[PDB]
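Everything below concerns the one structure shown next.
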Amino acid sequence: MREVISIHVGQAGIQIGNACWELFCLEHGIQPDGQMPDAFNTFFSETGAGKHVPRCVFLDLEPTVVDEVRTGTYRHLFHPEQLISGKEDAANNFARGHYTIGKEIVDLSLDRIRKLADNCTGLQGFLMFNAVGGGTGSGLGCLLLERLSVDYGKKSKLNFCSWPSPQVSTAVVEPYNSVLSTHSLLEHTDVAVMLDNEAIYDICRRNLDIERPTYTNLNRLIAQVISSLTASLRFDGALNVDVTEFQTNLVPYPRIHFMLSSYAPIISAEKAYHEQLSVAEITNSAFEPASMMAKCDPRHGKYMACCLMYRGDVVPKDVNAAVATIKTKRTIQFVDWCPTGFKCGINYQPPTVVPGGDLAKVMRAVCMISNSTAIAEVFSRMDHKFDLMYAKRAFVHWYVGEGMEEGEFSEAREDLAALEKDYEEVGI
Amino acid sequence: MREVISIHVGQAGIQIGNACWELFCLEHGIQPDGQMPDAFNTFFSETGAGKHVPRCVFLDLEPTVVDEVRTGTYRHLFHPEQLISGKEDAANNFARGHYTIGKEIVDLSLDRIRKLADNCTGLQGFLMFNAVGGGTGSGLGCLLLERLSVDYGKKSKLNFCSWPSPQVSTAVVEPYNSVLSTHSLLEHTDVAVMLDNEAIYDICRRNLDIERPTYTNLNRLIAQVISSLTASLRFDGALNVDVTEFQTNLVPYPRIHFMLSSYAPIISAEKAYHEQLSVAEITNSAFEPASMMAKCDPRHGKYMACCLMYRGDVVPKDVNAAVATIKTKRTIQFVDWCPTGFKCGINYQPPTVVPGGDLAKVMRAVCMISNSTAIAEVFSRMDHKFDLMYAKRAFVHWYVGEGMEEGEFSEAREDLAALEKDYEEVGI
Amino acid sequence: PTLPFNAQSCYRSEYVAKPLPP
Amino acid sequence: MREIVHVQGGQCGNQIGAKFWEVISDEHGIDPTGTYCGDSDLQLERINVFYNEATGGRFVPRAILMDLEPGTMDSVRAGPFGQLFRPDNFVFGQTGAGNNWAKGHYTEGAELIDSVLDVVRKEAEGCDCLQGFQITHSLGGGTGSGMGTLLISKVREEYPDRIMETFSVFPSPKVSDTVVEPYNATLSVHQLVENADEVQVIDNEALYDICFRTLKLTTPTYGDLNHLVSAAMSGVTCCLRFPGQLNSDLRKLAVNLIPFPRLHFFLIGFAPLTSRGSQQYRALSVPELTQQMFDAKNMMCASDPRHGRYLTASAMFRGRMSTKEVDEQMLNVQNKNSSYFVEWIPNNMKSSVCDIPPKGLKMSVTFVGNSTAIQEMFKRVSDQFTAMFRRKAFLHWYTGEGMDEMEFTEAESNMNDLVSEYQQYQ
Amino acid sequence: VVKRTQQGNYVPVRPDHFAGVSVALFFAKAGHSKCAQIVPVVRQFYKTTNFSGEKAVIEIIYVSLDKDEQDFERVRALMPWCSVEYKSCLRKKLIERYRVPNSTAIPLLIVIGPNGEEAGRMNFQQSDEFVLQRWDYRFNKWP
């Protein structure tokens, strides 16, 4: 059956994935024991009668978190050899994963995918989940995504990245790890959903009115985005859009494929109780500088493509009138050469919800994914953070000492400089 | 009076014919005991009081397929003397089934053939079922058929050959087994009907719309062709045929007797609601190339002779309506020198359905056996499997060591070369 | 030391003594 | 009807056989005392293939046990299903071929062949007409590798129109039982290629790898490992005992596998192989049975099959499975893995559908395959022979008992030639 | 005295059943290797020759030499044809009347004519096992 395969690389994507498959088990009504008391075929297989198994792979070089999945809730619902665990973590080094220690898992991983991908054709895409700044996510993420490009050249493969924020970085080697990542994650990938962490920090504090959150609420909130993204693959509706025609609509040219997200509504049971989330305002909150999830003001950039999956009850009248209102807004400027910019999606299934989490049941949701030129300074910000540290060779010898060469760092310089050059070339 | 003696040799012969006999028992209302609660003369004798023993012989060199019938539900249906088991299997050798072990069975089998033919004068023919790639299917088949030609002069010999596939083979010695059978099949049989296996796999995939049929579902469809073939002998019709007229119907030269098969309708009981089966529509499905039971593309074939036996409540003129439009159509290409190329016989009684089978009860049915020049593809492909494998004498010592003379494989190929050229000569 | 055997052949499964058509 | 005589030679053969007869007995459902319970015609109609009635309703196996030291023959007597064998079937040597092929074959063994041939033909003529033999030996030791290969040569000339298949354990790459390993193997291969029709190779360390990985057992004893050979060595001969759609036989696969008579050394794989934990998390179907059976870490010979190309390969499926799902998949793998097979054989693969699944399990396959990947394995035994011959190490323990230095020179020549044909046929 | 096994319990047999057909009594014993050999063979033979047709041509009355109520109930729980009652002294009467010694004697089929006296002896302690069908159910049908 038509299907999509999931890949989780590193500490970031693993517990995102923990938040991911928690919902999908609840969405399809299967208990953690693994049994329920055709729609799920795109994410879950069958084991005998009544038992459903996730179609995902986990991949990390250290067992301290892979073991945390296995001895947790999902002892029986998962598969034992579905989780892949190495010996030593790459430890914030692009060189440790991509060059030395990764090779012992690649041969094991390639064989896993090949055994999962070949059985049924009509497969659709892949789903990476990794942090750009972490070493395994950047390192071991790359060589796996490199090898898949050579083998299945014909095929879509989505990326989900946790880009470093302007203030919060959670590591000293983030500028090195990132600029090295995107050189080898521009060419190999197709579409990469950029996300920041401090964006969602101020999301939790403003709308969802909690003053200091942690990772189990960040992953709970990105899991609602991905479930709203890919419900169209799972369930039916009046109008659905899948993986393979995101790239058709949103990617005008091969380089410009790094885009943002926004989700409306983000409201607790405090205010889900207290007002309409009407189509005339959930789209207003979607375009607000607050609700976007990639920490840059769209005022100092130009929108070029937008994709709006309304999920829940919207009758078509309200979409189209709300859309026409947004053209009239002067503050939001499209690029002049692109008259069409919106690719509406209306689903009929109501929005999902975790049990006991902060996310409220809302009657209708919008998940907006946005190709904009506001990424221009976000790339130049990391370029400037590269320029400081590279100026006199700090923390280079760690990468060089592992097996890399000085000089491929330079090659990434004109690679990212070309990427910032393209955005300023396109956006005029 | 008038009857046909059936022979089953080799495993493929036995279990196809095991399905063929259980179809005939319920055709005439004969219980598995062999009693009844001038139809049954042509396939049954009468023994003592109330009985019907068949006109059949089982031969195999292994007990394993024939004794399993002896203990089946058809215990007293067969007389326990024409069921013949050797000691050890022929084991995929032409040579072993022909030279060493094949001798000790023919000496007792020909006696039972004599015992069954000495009842009444005017023998119609001999319906012998066999596989071609098999060991005992060829070797024991040759030795029995050669002796029968000399002993009984002028009676017809029908031979349904489970031909090796264009694609699958399920044995390695198939090109060595198939070619050697042909050199001893040309001057013995009179009508050799070619049947395939994955064709019926492909038929049951598309038309029958059933996901997982097995050899038991292959054999029902095979049984349905044979019943419609000999429908004229058992029952009266508006326009009848015989088994001794087919060779005067189909063969223009004595060495060309390799004909295909077709059948319609072949429909699930679930999708039967969407087809009111008319004479106009069943005939077109008969000539449609993805309905024939041999798997050769006829678009590179000039048709030479055709023989349709209609079954059931069919009036003569809508047959004449159908065949008028068929001949004028240029997708079904006839050769120049044969301007008339149809025989169409008609029988009254509509086809039975087996309980527990996969066929809806239909009101009319068409069965086709046609001589075409597409068999040049079936043989020139086979010759390619030979000489590539005979390039450096693969598997030779097995045949050499068993009794054959090395170099007999040459004039077997020189024989098949002539059968390759005359088809090419005819088609111009 | 064995428990009772419960695989059955396809031939035994489906070709049983059918009622004759009347 | 059809009879298969079992001969067990050496220490390894006698241990491996005692577990084999356990698998057969409970596949047929026979109480270790010999009596019958299970009440099924289909497991019983072909029982003369291995057993004989003995006036108590009981079944005594057509197995002969041979060894040159009485140590391990009381081991099988005292142990499980020891009550089943015949005390006349035991043949004792009181001396022991101490890992010396010379005394296994020429000197010490010659005075015991006069007894072991007695019991074998006593069981041979008892039936109507014999079909074949099967022999379990290891080609490491002395009383299996030499004392066994002489019994191979003697019964072959007496009954030349019968067949035999030997389940043989070879040397290992790194770890090494029986330090005079390459002497006993090479001297036995050049005899085994001349007098035996089919030989299933087994290595300890592919077999150590399987129980570490798939079965997930930290401490693997001999009992559990022999239980893994015995199921395969039961699977190859299912078809003689139980009916099916596409039947098979030893001779059926003897002729279908070997192109030329001198290369008949076969690989074994079996599937499914599931631990406790992953038993409930596999959804057993014909697809992943084929993907399990074509896996480099699944075959029981320590050769990576990806180096060579498969010449001929057979699959004895076992159970009620649908048959295009059978045949279409062997087509699938032969077309998909175009580089893994050999071009000059159209339809490389072979199939068989045995209609009774193993006990408790539902869908099983047993993969036997004539690969060319034993290029590297016999060249391994070859250079190990050359390493221990130029220095002339450990030669005195052989030469002093009527051996000849000419025998070793022929043995290497007669085995480096077998390497020649594997490489020749790409 | 003679019981038939139904869904749920046992029922006394109706004596008009035995007429118009053929009758054999089956002397056997649970826990014997040869009895476990022969019981399923006669099962399949019975079912085939009786249900290959409309009505019954043969029937079997099973008589046991077992030493426990438990083993008797055990075999009767799964044997399809008739049985005798354990406590009825007809069973021991049939033993001493028909000459089974209570080995090389069990199993046995004694085919009985309409006069209560034998119309055949058939044994299995021999090399041949195709001997079930050597017995005519055509000369000896009870009136």
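Letters A, B, ... mark the chains of the structure tokens in the order given; residue numbers begin at 1 per chain; ligand numbers begin at 1, in order shown.
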If you take only C-alpha atoms and a cut-off of 7 Å, which residues of chain E touch chain B, and what are their nearest atom pairs and distances in Å to one decimal, in chain and number order, as CSV?
```
residue,atom,partner,partner_atom,distance
E:48,CA,B:73,CA,5.8
E:52,CA,B:33,CA,5.2
E:53,CA,B:33,CA,5.5
```
Mind writing the picked residues with N, CA, C and O atoms as a compact mmCIF listing (two decimals), in the first residue's frame?
```txt
# COMPACT_ATOMS: atom_id res chain seq x y z
N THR E 48 -14.29 -42.98 4.93
CA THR E 48 -14.23 -42.95 3.48
C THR E 48 -15.29 -43.87 2.90
O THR E 48 -16.09 -43.41 2.07
N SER E 52 -18.52 -41.89 1.47
CA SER E 52 -18.48 -41.94 0.00
C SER E 52 -19.74 -42.64 -0.51
O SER E 52 -19.70 -43.78 -0.98
N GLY E 53 -20.87 -41.95 -0.42
CA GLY E 53 -22.15 -42.57 -0.76
C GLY E 53 -23.28 -41.89 0.00
O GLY E 53 -23.02 -40.83 0.57
```
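For chain C, the residues within 12 Å of chain B are residues 9, 10, 11, 12, 13, 14, 15, 16, 17, 18, 19, 20, 21 and 22 of chain C, with only C-alpha atoms used to measure distance.
Taking every C-alpha atom in order, chain A superposes onto chain B with an RMSD of 0.8 Å.
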Give me, as a PyMOL selection string, the residues of chain D touching chain B, with the criterion being at most 9 Å (counting only C-alpha atoms).
chain D and resi 1-2+129+131+240+242-249+251-261+312+321-325+327-328+330-331+344-352
With 8 Å as the cut-off and only C-alpha atoms counted, what is the closest atom pair between each nearby residue of chain E and chain D? Distances in Å to one decimal, ordered by chain and number, as JSON lines.
```
{"residue": "E:32", "atom": "CA", "partner": "D:57", "partner_atom": "CA", "distance": 7.3}
{"residue": "E:33", "atom": "CA", "partner": "D:57", "partner_atom": "CA", "distance": 4.5}
{"residue": "E:34", "atom": "CA", "partner": "D:57", "partner_atom": "CA", "distance": 4.8}
{"residue": "E:36", "atom": "CA", "partner": "D:37", "partner_atom": "CA", "distance": 6.0}
{"residue": "E:37", "atom": "CA", "partner": "D:36", "partner_atom": "CA", "distance": 6.7}
{"residue": "E:39", "atom": "CA", "partner": "D:39", "partner_atom": "CA", "distance": 7.5}
{"residue": "E:40", "atom": "CA", "partner": "D:39", "partner_atom": "CA", "distance": 5.8}
{"residue": "E:41", "atom": "CA", "partner": "D:41", "partner_atom": "CA", "distance": 6.4}
{"residue": "E:103", "atom": "CA", "partner": "D:56", "partner_atom": "CA", "distance": 7.0}
{"residue": "E:104", "atom": "CA", "partner": "D:55", "partner_atom": "CA", "distance": 7.7}
```
Would you save the residues of that selection, restricted to N, CA, C and O atoms, as a PDB file, in the first residue's frame?
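After the write, part_10.pdb holds the following:
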```
ATOM      1  N   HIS E  32      -1.287 -49.611  23.569  1.00  0.00           N
ATOM      2  CA  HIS E  32      -0.551 -50.533  22.722  1.00  0.00           C
ATOM      3  C   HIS E  32      -0.086 -49.783  21.480  1.00  0.00           C
ATOM      4  O   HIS E  32      -0.848 -49.009  20.883  1.00  0.00           O
ATOM      5  N   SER E  33       1.163 -50.055  21.089  1.00  0.00           N
ATOM      6  CA  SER E  33       1.768 -49.423  19.930  1.00  0.00           C
ATOM      7  C   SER E  33       1.007 -49.772  18.647  1.00  0.00           C
ATOM      8  O   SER E  33       0.723 -48.889  17.837  1.00  0.00           O
ATOM      9  N   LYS E  34       0.659 -51.054  18.488  1.00  0.00           N
ATOM     10  CA  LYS E  34      -0.083 -51.517  17.327  1.00  0.00           C
ATOM     11  C   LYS E  34      -1.524 -51.006  17.330  1.00  0.00           C
ATOM     12  O   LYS E  34      -2.077 -50.754  16.268  1.00  0.00           O
ATOM     13  N   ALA E  36      -2.465 -48.052  18.604  1.00  0.00           N
ATOM     14  CA  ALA E  36      -2.346 -46.664  18.195  1.00  0.00           C
ATOM     15  C   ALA E  36      -1.987 -46.591  16.706  1.00  0.00           C
ATOM     16  O   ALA E  36      -2.299 -45.606  16.047  1.00  0.00           O
ATOM     17  N   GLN E  37      -1.314 -47.629  16.185  1.00  0.00           N
ATOM     18  CA  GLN E  37      -1.046 -47.771  14.760  1.00  0.00           C
ATOM     19  C   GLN E  37      -2.354 -47.884  13.980  1.00  0.00           C
ATOM     20  O   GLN E  37      -2.584 -47.126  13.044  1.00  0.00           O
ATOM     21  N   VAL E  39      -5.845 -47.813  14.958  1.00  0.00           N
ATOM     22  CA  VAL E  39      -7.051 -47.017  15.242  1.00  0.00           C
ATOM     23  C   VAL E  39      -7.309 -45.917  14.188  1.00  0.00           C
ATOM     24  O   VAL E  39      -8.400 -45.850  13.600  1.00  0.00           O
ATOM     25  N   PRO E  40      -6.363 -45.010  13.867  1.00  0.00           N
ATOM     26  CA  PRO E  40      -6.639 -43.985  12.861  1.00  0.00           C
ATOM     27  C   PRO E  40      -6.794 -44.496  11.426  1.00  0.00           C
ATOM     28  O   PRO E  40      -7.557 -43.919  10.669  1.00  0.00           O
ATOM     29  N   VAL E  41      -6.135 -45.614  11.096  1.00  0.00           N
ATOM     30  CA  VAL E  41      -6.255 -46.221   9.774  1.00  0.00           C
ATOM     31  C   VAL E  41      -7.694 -46.701   9.568  1.00  0.00           C
ATOM     32  O   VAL E  41      -8.313 -46.421   8.537  1.00  0.00           O
ATOM     33  N   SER E 103       1.338 -57.653  22.696  1.00  0.00           N
ATOM     34  CA  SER E 103       0.988 -59.020  22.227  1.00  0.00           C
ATOM     35  C   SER E 103       0.896 -59.074  20.698  1.00  0.00           C
ATOM     36  O   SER E 103       1.116 -58.066  20.008  1.00  0.00           O
ATOM     37  N   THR E 104       0.532 -60.264  20.200  1.00  0.00           N
ATOM     38  CA  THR E 104       0.439 -60.541  18.777  1.00  0.00           C
ATOM     39  C   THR E 104      -1.004 -60.796  18.351  1.00  0.00           C
ATOM     40  O   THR E 104      -1.216 -61.287  17.240  1.00  0.00           O
TER      41      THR E 104
END
```
10 Å contacts from chain C to chain D using only C-alpha atoms, as a ChimeraX atom specification:
/C:1-11
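Taking only C-alpha atoms, the non-local environment of region 70-78 of chain E within 8 Å (same-chain residues fewer than 4 positions away omitted) comprises residues 5, 30, 64, 66, 83 and 86 of chain E.
With CA of residue 155 (chain A) on one side and CA of residue 305 (chain A) on the other, the separation reads 22.6 Å.
The space between CA of residue 163 (chain D) and CA of residue 200 (chain D) spans 14.0 Å.
For residue 231 (chain D), the set of protein, DNA and RNA residues having any atom at most 10 Å away, when counting only C-alpha atoms and skipping those fewer than 6 positions along the same chain, is residues 19, 20, 23, 24, 270, 358 and 366 of chain D.
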Could you pull the residues within 12 Å of region 395-411 of chain D, counting only C-alpha atoms, minus those fewer than 2 positions along the same chain, as an NGL selection string?
:D and (97-109 or 142 or 180 or 182-194 or 381-382 or 385-386 or 388-393 or 413-418)
Residues near residue 359 (chain B), anyone? I mean within 8 Å using only C-alpha atoms, not counting same-chain ones fewer than 2 positions away, as a PyMOL selection string.
chain B and resi 208+266-269+353+357+361
Output file for the selection above: N, CA and C atoms, as an mmCIF file, in the first residue's frame:
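File produced: out_12.cif:
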```
data_model
loop_
_atom_site.group_PDB
_atom_site.id
_atom_site.type_symbol
_atom_site.label_atom_id
_atom_site.label_comp_id
_atom_site.auth_asym_id
_atom_site.auth_seq_id
_atom_site.Cartn_x
_atom_site.Cartn_y
_atom_site.Cartn_z
ATOM 1 N N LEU B 208 -10.151 -13.436 -12.492
ATOM 2 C CA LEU B 208 -10.822 -14.073 -11.370
ATOM 3 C C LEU B 208 -10.812 -13.150 -10.160
ATOM 4 N N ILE B 266 -14.656 -16.168 -17.543
ATOM 5 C CA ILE B 266 -13.860 -16.510 -16.379
ATOM 6 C C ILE B 266 -13.943 -15.329 -15.415
ATOM 7 N N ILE B 267 -14.964 -15.392 -14.555
ATOM 8 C CA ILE B 267 -15.361 -14.246 -13.759
ATOM 9 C C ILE B 267 -15.647 -14.703 -12.340
ATOM 10 N N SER B 268 -15.256 -13.842 -11.378
ATOM 11 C CA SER B 268 -15.683 -14.015 -9.993
ATOM 12 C C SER B 268 -17.200 -13.867 -9.832
ATOM 13 N N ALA B 269 -17.731 -14.532 -8.788
ATOM 14 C CA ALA B 269 -19.132 -14.398 -8.417
ATOM 15 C C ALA B 269 -19.434 -12.995 -7.868
ATOM 16 N N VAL B 353 -20.912 -25.954 -12.352
ATOM 17 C CA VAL B 353 -19.976 -25.302 -11.434
ATOM 18 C C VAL B 353 -19.679 -26.274 -10.285
ATOM 19 N N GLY B 357 -15.799 -24.128 -5.631
ATOM 20 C CA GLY B 357 -14.947 -23.534 -6.662
ATOM 21 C C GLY B 357 -15.020 -22.004 -6.661
ATOM 22 N N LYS B 361 -21.848 -19.202 -11.709
ATOM 23 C CA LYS B 361 -22.600 -19.963 -12.698
ATOM 24 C C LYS B 361 -22.908 -19.068 -13.889
#
```
